[PDB]
Structures are given as C-alpha cells and as structure tokens.
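So you can see what is in the structure, the chains are spelled out below.
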Amino acid sequence: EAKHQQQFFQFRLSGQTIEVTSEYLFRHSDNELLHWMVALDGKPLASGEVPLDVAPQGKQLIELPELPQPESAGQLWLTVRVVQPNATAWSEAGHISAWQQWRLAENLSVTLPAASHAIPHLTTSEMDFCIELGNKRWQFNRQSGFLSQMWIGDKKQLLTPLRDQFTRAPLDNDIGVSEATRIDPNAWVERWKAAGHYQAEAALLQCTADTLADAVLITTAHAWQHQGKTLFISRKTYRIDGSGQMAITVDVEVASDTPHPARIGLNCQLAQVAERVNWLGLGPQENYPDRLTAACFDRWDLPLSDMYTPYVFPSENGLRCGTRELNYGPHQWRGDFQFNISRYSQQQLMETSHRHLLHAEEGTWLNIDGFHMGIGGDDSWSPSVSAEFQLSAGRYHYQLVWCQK
Amino acid sequence: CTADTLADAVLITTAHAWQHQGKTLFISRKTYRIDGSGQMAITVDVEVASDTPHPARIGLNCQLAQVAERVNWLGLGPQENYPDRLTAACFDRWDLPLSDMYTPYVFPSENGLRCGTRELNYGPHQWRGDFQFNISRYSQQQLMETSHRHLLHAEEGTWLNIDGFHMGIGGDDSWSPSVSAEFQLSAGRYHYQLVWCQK
C-alpha cells in the first residue's frame, strides 16, 4: 500500500486513451516502459508494451489499440504497470515501480441455468433436517438452526457448524492503550466487550423447511442477545438446487445504539486441509476496506501458508476484499464477499499473545464476511477509523453460493 | 417467472432484465411472498452494470386505482427531502393532504420524495420497510413531457413511486454535474424489502 500510494507516475483512463503524468522533478523517463493488459474475469485477452517518454512533471498520452470485448459474461479489467528494463544501482531488471487498474465495459449474465432434472430429497427428523442429492448431503440442526454438517460420499466436511460472526480478533489499533489494569472507554475492543459482542449467545427464533418444485428451501432466523438486550438479528434463507448449488441469502439487522460491529458474515471450520487456494478477486496481498487500493483484481493461486500474515502479536489478518470466487479443495464459493482463511481460529488469536505460541488446529478455519469494518491507522491510541468505513448502516444483506467443483 | 406453494405461504419468483440495443443495463430479481395473515413480502435485488451511467432511481412504480385525501407516513418529514437534502427533515409521524405531496414547481420535474420512510398509509394500503416514496397525481412521463405546471392534468387513480435507493440532486451549479460520488448509485448490487398489506 505504501508503494502504491507513493508512485511517481499517475494514470488517468479517459475513453480508450491513458494520460500518464510523471511526478519526477529532475529526471526524464528513460528507463521505464508501460505494459498494459486486458483481462476478462482473470483470463487475459490482449496485451502490449509501450515505452514511456515523459518530461519531468510532464504529460504523455498513450492510445490503446482495439480492445477485444467478448459477449461472454464477466467484467473487463485493464491493468497497466511501469517496468524498468535496465538494472539500476538500487533495483533489479524487471522491477515494477507503479501500477493501476480500471474497470472496462461489463457484460451482465442474462443466461438461465439448465432445468434441474434431479430434485433434492428432504427428510424432516425431530431434531434435524437432512437433504440428500445423490452424492451430496446436508444436515441442519433444528436445535441451533445452523448448517450442522455437509457430506460428500462418506467424508464429513464441517468440524463446526456454519454460524454467524459479528466479532473479529482485535487489531493493534482497536486495543489502543488499554490494558487489564487500565481500561480506555474509547477503545473499540472495550466498547465491543462492554456491549457483549464477544459474549453474545445466539437464540433460535425460526427454523422451517419446505420443498419446492425443483428445490428445498430452509428459512432460519436467529437473534443475538446480551443481558436481555438484543444486539443483532440474522435471518437466513438456504436454497438447495437440483444442480448442487447452495444459495444462502443473509439479512442482518444491527441496533443503532450498540457499538458498530467489526464484521458481518459467516464463520466455519472445514474438516479438510488443502495446499492451494485459488481466488478471483483483489490481491494477491492482504487488503482491507480502507487498504484495498494497492490490491489488483485478478485470479490469484497461493499456498495456504501465505494466507496467514505472520504478525507476532496475533490479531485479525489474511482478509481479501472484492473476492468474486474462492476455490479451496473441493469447495467453491461465489458472490461478493471478504474472506480470510487460516489454520488458527479467531478465539485462539484473541487468547494468544505471541505468534510462536500459536498452534494449527484441526481442519481449516474460514471466515466469509458480507461486510467488514475498517482498520484505522492514524494513531494507535485513539479510534482512527473514518465514518465511511464503519458498519453503521443498520441493515445489511449478502448472498453466497456454495458448490462442489 | 415461477410460483410454488409453501406450508403456510405462496412464493412467486420473478426475474427480468432491461436491455437497449442488445446491451443489458439492469437485472432485477424479485421474490413475492403471500402470507396467510395477508402480508405481501417483496424482496428485490438489482444488478447494475458498471460501464453504464449510474441510474437516478432503483425501486418500484405503480398507479393505484383509488384516490385518497390523506397520507400518513412515519419517516422523515414533513417537507420534501432527498438523500443529500435530508438534514432539515425530522423523523416523526406526518399526516398531510395529497395536495401537499406534490411540490408546485412551475417547470415539471421529480418532486415530492420523502426519505427515511418507515411506514406509509394511503387509503386502505400500508407499506412497511425502509424506502423513499413519492406519491402524486401526475406520472413521471407526464412530468417529463410537460414544460409548464399549468398544462399538467391529474390522471386517473394515484401514481406512487417507492424506491429502495435514490440518487442525489446536486446544486453546486446548474450547468455541470454537481452530485457528489457518495450520493451516486454506483455500488452495483442493491437490495430492498417491502411489505404491502391492507390496514
């Protein structure tokens, strides 16, 4: 982020041309070339290299060629980079000094899914709701109202039920100068624990199931309470399609008087560990709602070890925003969400105070959040998060599609 | 366009798409739920293309067949307020005549919008949820076509426009786009829920 925000080259896309403005004051652009690439949902279509000849604090105009626009559904992204060909005394050959990305024309998906010939079968137990579709199987716990288990063949895929998560591991900016012996009432973590965010117990309100013509609909509605005061109300709709897709639509209502939650989304612990994570979204670095300018939208395939940022003081880390697709092992999640996946739970990151004392848990912890709250950074003793990055709307909605690839 | 009965409700799933010259601009997916108590639950999800210009409105539109003399809404009022001009309005219960719902601008344009509305009672109809509503005797197409307020004529029934999201009005100048980026409909995906019942 520091590298992207301190670039000596500013880019402005107008129509099809690109205005490049140098911020150098004394040197001429003699060791830089511009490399542009157009990608449809992570799949490249066209590319080219244009040398840069920019005067100090000057202007240059680059006229792009005919950009291919296919009729396939997706979003076209244009990414430009500045590459230094020769080796400077402080940089190697091929060093990138600046980059920028823009959203080109979008082709919305208007096609219809094929008719599901096979229909899901629903068994209504006294304490469970079990949906079977060939190899696929799901089991909802009627006592808790959450997705208790998923089955492919005879292998369990969930160690813990897929629940909601309105809390995160407190960051260094959230704690502030608050200790055990000194309590700062303005610190975000103290307001969260004072309102019972970390101690809220989910109470089941509604849990119904009914079969449709070609699908099975599960309607769940919970409420989080603390000392008789309701903080959050979550209403979820689960749809099992005959093609195998799980459509989860979640609506969250947050009280106005309670402190703004740091996270609105889901949480689970998968029973299978994988060595690769392939996500289409903003990356490949750790990015947040107030720190996503450096990240670029593309398809990134990275090992699970790089999903966890090795902060010595444990906190929330590894979040990737603007994620359009996420492939992990046999699981695929689609929609617009912010995901973080690691081997350590959020409660372990909260309890532990050193990274060397952290231990990898069974399975893999995954946190998919429809909405995430900022990190701040103006100072480490006062709330530094701007009002535009705080979860203060009151009503939130997000849709997830869970399938097996 | 599908319909199916539930254990205690009837679900209607509709999904449309707006196109122009072979290019899709907006995609609307609606879910209608008829409950046994009489409530209509309409959940609408709208997808807007990024390259197209930002729409000025995302919501519903209808023309009721009954005219009423009072409008009773719980929300921000009692004046005409907009997403960038709602600081003066206060949240309360306002009961006002239908004649005051239309601001008599001599040059016809969009008017009468009330933001932050939590409930809206008009005749036998009651709408609940979070929405921005404007109700008048003149359609939006008539306001577009007509250039004077004295040439406007009241149509049959009453035109109602309930919008989940509304875009700003500007006002810095009358010759350049004055609407700030925070008041523009540029998120891409929008969702709103309405409850229509008879009181």
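Rules used throughout
Residues numbered from 1 in each chain as written, not as in the entry; some residues may be left out. Chains lettered and ligands numbered in written order. Part of a larger assembly, values for the part shown. Heavy atoms only, no water. Helix = DSSP H or I, 4+ residues; strand = E, 2+ residues; numbered from the N terminus. Rg over C-alpha atoms; globule rule 2.2 N^0.38 Å. Buried < 20%, exposed > 50% of the residue type's maximum accessible area, 1.4 Å probe, protein only. Contact = heavy atoms within 4.5 Å. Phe/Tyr/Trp six-rings, centres within 6.5 Å; stacked < 30°, edge-to-face > 60°. Pairing = 2+ DSSP bridges.

- Looking at the method and resolution fields of the entry, one finds cryo-EM and 3.2 Å.

## With respect to the overall build of chain B
Line of reasoning, step 1. A tally of regular secondary structure across chain B gives one helix and twelve strands.
Line of reasoning, step 2. From first element to last, N terminus to C terminus, chain B shows the α and β order β-β-β-β-β-β-β-β-β-β-α-β-β.
Line of reasoning, step 3. For chain B, the C-alpha radius of gyration of 18 Å lies close to 16 Å, the compact-globule estimate for 199 residues.
Line of reasoning, step 4. Each principal axis of the C-alpha atoms in chain B carries an extent, and together these give about 55 × 45 × 30 Å.
Line of reasoning, step 5. Classification of the 199 residues of chain B by burial places 43% in the buried group.
Line of reasoning, step 6. Taking the contacts inside chain B whose residues are at least 6 apart along the sequence as the reference set, 59% of them involve residues at least 24 apart.

## Quick notes on the environment of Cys 197 of chain B
Line of reasoning, step 1. By the element assignment, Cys 197 of chain B lies in strand β12 (residues 189-198).
Line of reasoning, step 2. Taking relative accessible area as the criterion, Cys 197 of chain B reaches 6% and is therefore assigned buried.

## Details of the packing of aromatic side chains
Line of reasoning, step 1. Counted by the stated rule, this structure contains 16 aromatic pairs over all chains.
Line of reasoning, step 2. Between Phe 166 of chain A and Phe 232 of chain A, the aromatic rings sit 4.4 Å apart at their centres with planes inclined by 25°, giving stacked as the arrangement. With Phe 166 of chain A in the loop between β13 (158-165) and α2 (172-175) and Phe 232 of chain A in strand β16 (residues 229-241), this pair connects stretches of sequence that are 66 residues apart. With respect to burial, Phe 166 of chain A and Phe 232 of chain A carry one shared label: buried.
Line of reasoning, step 3. Seen in terms of ring centroids, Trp 127 of chain B and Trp 196 of chain B are 5.3 Å apart; in terms of plane orientation they differ by 40°. Their pairing is tilted. Taken as a pair, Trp 127 of chain B in strand β10 (residues 125-136) and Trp 196 of chain B in strand β12 lie far apart in primary sequence, 69 residues in all.
Line of reasoning, step 4. By relative accessible area, which is 3% here, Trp 127 of chain B ends up buried.
Line of reasoning, step 5. The class for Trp 196 of chain B is partly exposed, based on a relative accessible area of 27%.

## Some details on the pairing of strand β14 (residues 201-211) of chain A
Residue and element names in this part refer to chain A.
Line of reasoning, step 1. Pairing of β14 with strand β15 (residues 215-226), which is carried by ten bridges, proceeds in the antiparallel orientation. For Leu 204, the partnering residue across the bridge sits in β15 and is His 222.
Line of reasoning, step 2. Once β14 ends, the chain turns through three residues before running back antiparallel as β15.

## Some details on the pairing of strand β9 (residues 114-122) of chain B
Residue and element names in this part refer to chain B.
Line of reasoning, step 1. The buried count for β9 comes to eight of nine residues, which makes it a mostly enclosed element.
Line of reasoning, step 2. Sheet topology note: the strand β7 (residues 70-77)/β9 ladder contains four bridges and is antiparallel. Counted as the bridge partner of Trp 73 is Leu 120 from β9.
Line of reasoning, step 3. Pairing of β9 with β10, which is carried by six bridges, proceeds in the antiparallel orientation. Bridged to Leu 120 within β10 is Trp 127.
Line of reasoning, step 4. Hairpin geometry of β9 and β10 is characterised by an intervening segment of two residues between the two adjacent antiparallel strands and by a positive phi of about 60° at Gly 123.

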